[PDB]
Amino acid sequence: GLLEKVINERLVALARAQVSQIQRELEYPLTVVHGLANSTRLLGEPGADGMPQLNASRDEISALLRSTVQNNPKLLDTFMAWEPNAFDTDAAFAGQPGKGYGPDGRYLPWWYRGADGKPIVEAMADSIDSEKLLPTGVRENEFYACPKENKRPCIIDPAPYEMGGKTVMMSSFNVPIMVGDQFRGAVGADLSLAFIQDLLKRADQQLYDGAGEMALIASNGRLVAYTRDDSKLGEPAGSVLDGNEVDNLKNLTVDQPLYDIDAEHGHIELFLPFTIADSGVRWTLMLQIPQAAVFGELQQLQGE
């Protein structure tokens, strides 16, 4: 039908705007940490006098990280890990705690905000080499192993980490520190799922007057956000969504919308896969809207 087509084109356009709004949120941390990687690699790149182009101390690099946290309130944190002896001699820094160094001197700072909002630092010695499987299906060290192994940017699916006495679910945005063809380390920043969820909830309230719900699904099919119920974050979409929805989640092409009508529940399903910057990472936005909210004007024309 021609009228159905005009209504459905409105729906797709509204969904596409929700995707580009989410991309703005998710591409931002990647560009932040690209900036830090593009600066830090100058520690290892000679200049016209044969000395490093950046001769910054560890205290100065940490200042850059802390300034990132300070002036990027949307980011949960900023962190960086060097390979053993990547840019200096770790042994000179061994036995110095509370600076983000491992016990052997390896540079591993994780900067985030304490209770008063002031930045504090934790060394990632415990997680950087950990093969522990977290309950969301993510290994504890994947924020570093993935950029080390693939030598390109990595976005990690939702995972819980302990932060100042509480468990925080988060996704990390990671870039390798490359000098030539050599992996020297990686730098990253997290977004909390609570942050992404709050934004998706607010965005949903402006979509068809809030009649429906949205789900953001990571590369492993687990929920980054789910406007109906915060308790489902991190959980598999296959343990929260419909048989029909879970099937449609398998029916998707690489980057192309899937439209479906769940008559059993009287709502429209729209799945839009999308990629995050040039990282090649593909997540999915799901819109679930009551049929009456989308087709109310048709209902009104036919009703009279």
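Residue positions are given as counts along the sequence shown, with the first one as 1.
As the entry records it, the average C-alpha temperature factor is higher for 143-151, out of 143-151 and 185-193. With 126-134 and 195-203 compared on mean CA B-factor from the PDB entry, the stretch scoring higher is 126-134.
As recorded in the PDB entry, 241 shows the highest C-alpha B-factor of the residues 69, 54, 241, 37. When the C-alpha B-factors of 78, 96, 174, 219 are ranked from the entry, the top spot goes to 96. In the deposited entry, the Cα temperature factor of residue 266 sits in the top third of values across the chain's modelled residues. Per the deposited record, the Cα B-factor of residue 29 falls in the lowest third when ranked against the other modelled residues of its chain. Among the modelled residues of its chain, residue 233 has a C-alpha B-factor that falls in the middle third according to the deposited record. Sorting the modelled residues of the chain by their CA temperature factor places residue 209 in the highest third. Placement of the Cα temperature factor of residue 60 within the chain: lowest third of the modelled residues, per the deposited record.
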